[PDB]
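In what follows, every heavy atom counts, from backbone to side chain, and hydrogens, waters and symmetry copies are set aside. By convention in this document, chain letters (A, B, ...) are assigned in the order of the sequence lines, proteins followed by strands, and residues within each chain are numbered from 1.
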Amino acid sequence: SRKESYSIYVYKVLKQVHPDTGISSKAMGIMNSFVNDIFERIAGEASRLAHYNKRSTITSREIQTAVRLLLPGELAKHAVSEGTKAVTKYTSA
Amino acid sequence: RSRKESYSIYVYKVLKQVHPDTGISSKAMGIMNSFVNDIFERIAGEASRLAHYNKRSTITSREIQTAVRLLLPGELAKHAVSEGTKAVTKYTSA
Amino acid sequence: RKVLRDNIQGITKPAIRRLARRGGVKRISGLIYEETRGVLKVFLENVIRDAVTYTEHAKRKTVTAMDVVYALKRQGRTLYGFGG
Amino acid sequence: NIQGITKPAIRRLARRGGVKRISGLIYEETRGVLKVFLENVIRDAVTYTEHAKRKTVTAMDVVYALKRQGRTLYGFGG
Amino acid sequence: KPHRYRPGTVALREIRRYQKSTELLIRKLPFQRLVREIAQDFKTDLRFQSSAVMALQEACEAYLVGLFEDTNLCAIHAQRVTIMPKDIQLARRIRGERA
Amino acid sequence: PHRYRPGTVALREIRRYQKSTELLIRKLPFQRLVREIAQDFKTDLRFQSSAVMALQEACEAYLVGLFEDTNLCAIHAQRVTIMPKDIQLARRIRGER
Amino acid sequence: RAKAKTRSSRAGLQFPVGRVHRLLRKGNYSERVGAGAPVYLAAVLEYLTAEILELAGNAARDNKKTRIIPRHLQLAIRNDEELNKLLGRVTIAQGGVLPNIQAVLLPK
Amino acid sequence: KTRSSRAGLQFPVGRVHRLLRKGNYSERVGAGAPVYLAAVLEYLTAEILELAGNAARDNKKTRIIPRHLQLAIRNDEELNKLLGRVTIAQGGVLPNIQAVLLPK
DNA sequence: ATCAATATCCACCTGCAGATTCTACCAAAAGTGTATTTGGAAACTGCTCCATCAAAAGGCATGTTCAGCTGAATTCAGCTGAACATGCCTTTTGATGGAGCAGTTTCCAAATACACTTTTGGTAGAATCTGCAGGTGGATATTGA
DNA sequence: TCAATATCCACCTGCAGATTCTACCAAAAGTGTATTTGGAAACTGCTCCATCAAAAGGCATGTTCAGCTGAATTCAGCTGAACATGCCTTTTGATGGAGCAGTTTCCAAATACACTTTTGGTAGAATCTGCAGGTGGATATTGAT
Ligand SMILES: [Cl-]
Ligand SMILES: [Cl-]
Ligand SMILES: [Cl-]
Ligand SMILES: [Cl-]
Ligand SMILES: [Mn+2]
Ligand SMILES: [Mn+2]
Ligand SMILES: [Mn+2]
Ligand SMILES: [Mn+2]
Ligand SMILES: [Mn+2]
Ligand SMILES: [Mn+2]
Ligand SMILES: [Mn+2]
Ligand SMILES: [Mn+2]
Ligand SMILES: [Mn+2]
């Protein structure tokens with residue numbers, strides 16, 4: 001049947017930063033694990049945030065506070081900018 | 001008017017059952033409430049994961065049971081499982 | 001309001017000795033007191049930082065005991081006795 | 001079976017661990033720790049197996065086990 | 001005489017005394033100023049429920065006491081009875097609190 | 001008639017093993033230990049080969065991590081040789097004991 | 001119309017089955033929640049609070065008190081291997097620690 | 001006309017949205033949440049690939065393998081902290097020998 | 001082996017802070033009747049998991065030195081505990097003003113629910129390459145003398 | 001230092017296990033078209049959170065003094081490291097067969113909705129009442145001699 005993964009997306013991102021670099025299958029597995037793990041942590045924290053505040057919906061606001069709580073310093077700053085940038089560019093054109 | 005629930009009433013009933021003569025300070029009751037809420041979260045959380053890994057959308061007594069075996073050590077698990085099972089078979093006996 | 005400075009020195013040599021005692025410590029080097037303050041400081045900043053983040057997310061100006069409880073839970077430092 | 005985990009293999013692990021000199025007693029001590037570690041993870045994995053009514057332990061069962069034992073492992077489905 | 005207990009005797013009496021009780025060991029007002037100072041450096045204009053400050057003190061003290069037990073095991077392991085900064089560092093290292 | 005001094009080869013191996021990533025425990029013996037332990041929890045089990053590999057990866061990374069903390073404990077006692085008491089102390093501080 | 005029976009009494013429990021059922025549905029644990037789940041969970045929770053109240057009540061007795069306080073809860077948790085493991089990363093406010101002095105520290 | 005191209009991302013906003021709704025995180029999911037989350041996941045991914053790529057280049061190789069992901073992560077303070085309790089299978093460890101153990 | 005200096009240890013009191021019952025009012029469990037949906041049975045299908053050899057091939061198990069590390073013994077210099085005198089500043093009580101948490105009440109964006117339409121991944125092949133694993137040769141790093 | 005024994009480090013080379021690159025085609029993901037409903041404003045009750053004021057004694061701060069603990073130094077066993085030497089489990093590969101993880105439809109049983117009706121629980125409001133101190137003689141405990 002079908003088993004979906006982030007492979008095609010990790011790969012497209014690989015070409016942006018290193019057009020000439022490839023990646024082994026095992027390393028791709030590592031990246032998939034990574035995306036899934038970080039996805040769960042952010043989502044999990046956003047979930048608690050909304051529950052603590054008695055809110056039924058997870059907005060970009062809960063995702064942002066969750067990122068702030070989970071990522072160490074500089075990573076949080078950049079992650080936060082990358083995220084609000086994508087939300088504005090998506091709410092525009 | 002503002003009103004909030006807690007497991008205090010039940011903790012107190014259970015306390016009288018095991019120690020009829022013993023009371024409990026409010027600070028101790030506060031700790032018992034954190035405890036119940038905490039274990040509820042660990043069990044429910046583990047049950048949620050279990051159901052999700054098995055593409056099942058419903059949490060049944062079977063999920064609560066596996067979560068219990070994963071979370072509690074040896075004897076505590078055995079006894080908890082027994083009590084839970086006995087309460088379910090009884091509950092369903094109408 | 002008055003300026004808050006050097007309050008980490010409010011954690012005295014005797015208070016730290018007491019904590020070591022409860023921790024079972026019999027003899028303490030003269031350098032333990034400054035190390036302890038530094039360690040306490042790092043511990044407190046990390047918990048305060050998370051607690052205040054929950055406070056701001058709720059749009060409050062008051063850090064609640066629950067903000068601190070959630071912050072301690074995040075850091076694998078679950079605390080029983082103050083709600084939640 | 002645990003004796004199959006040999007002195008030289010344990011030495012290799014220690015070396016990657018940056019260890020220069022090893023005491024004669026470390027070998028049996030190491031086997032005991034490795035056994036507790038395997039028992040705890042496998043017990044958890046099999047519990048996931050049995051819950052899914054399977055007779056085959058999958059990598060995902062192991063991955064979920066390691067995850068709750070606070071030993072998250074990347075590269076096998078998570 | 002004057003009477004004098006030998007070094008280590010009072011220390012042991014103190015351990016028995018503090019391991020026997022549960023009251024906070026750090027003065028309350030000083031600890032509250034420390035909390036307010038640290039907090040103020042993160043976000044200005046903050047207020048605190050009094051129980052929030054107490055939750056923090058209970059946590060910091062349980063944390064320091066737990067750390068001293070581990071520090072103590074590191075001193076004994078070096079065949080010492082006196083804890084030193086390097087024992088605290090070794091414990092924090094193994095506890096994964098730092099590299 | 002040439003011999004390296006004790007420790008010289010030990011250091012060489014550290015350099016070699018810290019440089020590689022291959023599994024250091026023999027595969028078959030490991031698979032055997034795994035199946036045995038598993039049999040005590042549920043009989044007649046099968047294992048995806050990748051299930052056995054994940055277990056060996058996790059288990060070998062754990063022991064390597066443990067040996068580093070054990071080493072720090074031996075050095076703290078001003079020794080250069082790791083002993084059971086070093087592993088015990090590291091596990092106690094980690095909260096595994 | 002029909003005799004109102006609590007799910008708790010039907011289950012033979014002191015803990016609240018209805019409440020627990022509600023907490024399950026509203027915690028986003030799953031889309032659906034089976035009827036037996038809240039019964040099984042209320043029982044496990046009740047069993048566990050009975051176990052620690054039994055041990056805490058005894059620590060209270062030993063210290064010659066009739067009222068269980070936090071310290072009593074600590075002594076019961078830390079002196080019991082399984083509860084200690086279950087709550088190994090929890091801190092009980094006002095609980096203090098167990099009396100314990102390393103042998104090497106005593107006078108020879 | 002996909003949501004990713006609109007948000008200018010390479011990661012799948014549509015899937016992140018679906019994964020959020022079906023993971024039992026909340027009753028409802030805002031439209032911006034999957035966008036934000038997707039961007040965050042993409043950024044972290046680029047950050048690691050960037051450093052692993054370099055680790056590869058410095059090893060005189062063009063294909064990133066696990067070893068490289070390990071070298072990139074353990075040699076970076078923040079990534080190391082974020083993945084402090086994670087093990088990269090086949091990643092091995094950073095070469096490092098305690099001074100006290102050296103000859104002389 | 002005996003005290004003398006002090007530090008618990010164990011009962012015996014007794015009026016409060018702080019539990020433990022008391023009542024009302026709901027918020028929210030409990031019925032009933034319906035409309036859906038979940039997820040077990042019984043029946044196959046490829047997958048991929050054990051066995052089974054079947055040899056080699058490292059890799060492990062043994063004794064043989066003996067290098068040098070750990071553990072056992074002193075031996076102090078001076079750190080850090082115990083005891084005291086001083087008097088500072090945390091504690092304990094008591095208001096008080098008012099910042100700011102929670103309530104109720106509206107009420108639009110913004111999200112969910114539903115068919116459709118269109119597009120994007122995942123999958124089973126077909127077409128190459130990044131290095132693994134050797135080679136040979138040239139300085140290195142170690143050691144003994 | 002010298003001489004030589006093994007270790008590394010290179011630059012180059014060729015096969016081949018993977019990594020890529022192709023060609024479809026059914027599950028998502030994107031549209032449009034109606035509800036639905038959060039959970040922001042908008043006040044606005046009314047908890048607590050700052051902030052003194054004032055007094056009092058529990059404790060923090062310094063200082064003296066010297067016990068005994070943490071270093072330093074010095075060996076002498078012996079325990080581990082380095083090394084051939086010999087053989088035997090582990091590794092490497094195909095079969096070859098079979099247990100068994102997935103789907104495939106059934107649908108009966110269990111759940112998720114809507115009111116509609118009861119109460120078990122949660123606020124304060126009175127009623128108790130464990131003990132937190134407070135004071136004394138046993139009992140020890142320590143440390144000098
Ligand atoms: Cl030090
Ligand atoms: Cl030992
Ligand atoms: Cl059920
Ligand atoms: Cl949003
Ligand atoms: Mn400041
Ligand atoms: Mn106001
Ligand atoms: Mn396509
Ligand atoms: Mn090569
Ligand atoms: Mn509404
Ligand atoms: Mn003074
Ligand atoms: Mn002297
Ligand atoms: Mn000494
Ligand atoms: Mn008393």
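- With sequence neighbours left out, E:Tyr5 forms a ring pair (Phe, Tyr, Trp, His ring centres under 6.0 Å) with E:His3.
- With a heavy-atom cut-off of 4.0 Å to chain G, the contacted part of DNA chain I has its first and last nucleotide at I:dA11 to I:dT38.
- The residue H:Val29 sits close only to the backbone: its heavy atoms come under 4.0 Å of sugar-phosphate atoms, none of a base.
- Residue contacts for E:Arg27: at a heavy-atom cut-off of 4.0 Å it reaches the sugar-phosphate backbone alone, with no base atom in range.
- Within 4.0 Å (heavy atoms only), G:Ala35 reaches sugar-phosphate atoms of the nucleic acid but no base atom.
- Judged as a side-chain contact (heavy atoms from CB on, under 4.5 Å), and not counting sequence neighbours, F:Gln78 has no contacts.
- A:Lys12 NZ: more than 12 foreign heavy atoms inside a 6.0 Å radius.
- B:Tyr10 and G:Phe15 have tilted rings, their planes meeting at an angle from 30° to 60° on a 0 to 90° scale.
- E:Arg36 meets the side-chain hydrogen bond (donor to acceptor under 3.5 Å, both in side chains) test with E:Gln32; sequence neighbours excluded.
- With the 3.5 Å cutoff on both pairing distances, Watson-Crick and G-U pairs in DNA chain I assemble into runs of at least 3 at I:1-145 with J:1-145.
- The side-chain contact (heavy atoms from CB on, under 4.5 Å) test applied to F:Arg26 returns D:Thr6, D:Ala9, D:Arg12, F:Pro29, not counting sequence neighbours.
- A:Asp20 pairs by the side-chain contact (heavy atoms from CB on, under 4.5 Å) definition with A:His18, not counting sequence neighbours.
- Looking at residues two or more places apart in sequence or on another chain, you find a salt bridge (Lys or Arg N to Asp or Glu O under 4.0 Å) between D:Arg15 and F:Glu13.
- Between E:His3 and D:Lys53, the one whose closest nucleotide on DNA chain J sits nearer the 5' end is D:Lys53.
- In this structure, E:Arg4 reaches the bases: a heavy-atom distance under 4.0 Å links it to at least one base atom across the strands shown.
- Considering only residues two or more places apart in sequence or on other chains, A:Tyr11 meets the ring pair (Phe, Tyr, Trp, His ring centres under 6.0 Å) condition with none of them.
- A heavy atom lying under 4.0 Å from DNA chain J marks the following residues of residues 3-11 of chain F, by number: F:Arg3, F:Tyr4, F:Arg5, F:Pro6, F:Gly7, F:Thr8, F:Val9, F:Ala10.
- Using a 4.0 Å heavy-atom distance criterion, C:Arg17 is classed as making no nucleic acid contact.
- If you check every strand for non-hydrogen atoms under 4.0 Å, F:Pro29 touches sugar and phosphate atoms only.
- Contact check on C:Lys61 versus E:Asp45 returns no salt bridge, with no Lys/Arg side-chain nitrogen under 4.0 Å from an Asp/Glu carboxylate oxygen.
- In this structure, C:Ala15 and G:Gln14 both approach DNA chain J, and ranking their closest nucleotides by distance from the 5' end singles out C:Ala15.
- When heavy atoms are screened at a 4.0 angstrom cut-off, E:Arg17 is found touching no nucleic acid atom at all.
- For E:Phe48, there are no ring pair (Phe, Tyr, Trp, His ring centres under 6.0 Å) partners, not counting sequence neighbours.
- Residue-level contact check: G:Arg32 touches the bases, meaning some heavy atom is under 4.0 Å from a base atom.
- In this structure, A:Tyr9 reaches the sugar-phosphate backbone alone: every heavy-atom distance under 4.0 Å involves primed, P, OP1 or OP2 atoms, never a base.
- Within 4.0 Å of B:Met29, counting heavy atoms only, lies no atom of the nucleic acid at all.
- If you check every strand for non-hydrogen atoms under 4.0 Å, G:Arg10 touches sugar and phosphate atoms only.
- Using a 4.0 Å heavy-atom cutoff across all strands shown, E:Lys20 reaches no nucleic acid atom at all.
- Both G:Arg1 and B:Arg56 lie near DNA chain I, and the one whose nearest nucleotide falls closer to the 5' end is G:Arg1.
- With respect to B:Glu5 and G:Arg22, a salt bridge is recorded, a charged nitrogen being found less than 4.0 Å from a carboxylate O.
- As judged by a 4.0 angstrom heavy-atom cut-off over every strand, D:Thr58 is placed among residues making no nucleic acid contact.
- Mapping B:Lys4 and B:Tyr12 onto DNA chain I by nearest heavy atom places B:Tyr12 at the nucleotide closer to the 5' end.
- Under the rule for a side-chain contact (heavy atoms from CB on, under 4.5 Å), the partners of D:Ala14 that lie at least two apart in sequence or sit in another chain are D:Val19, D:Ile22, F:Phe67.
- Within 4.0 Å (heavy atoms only), G:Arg25 reaches no atom of the nucleic acid at all.
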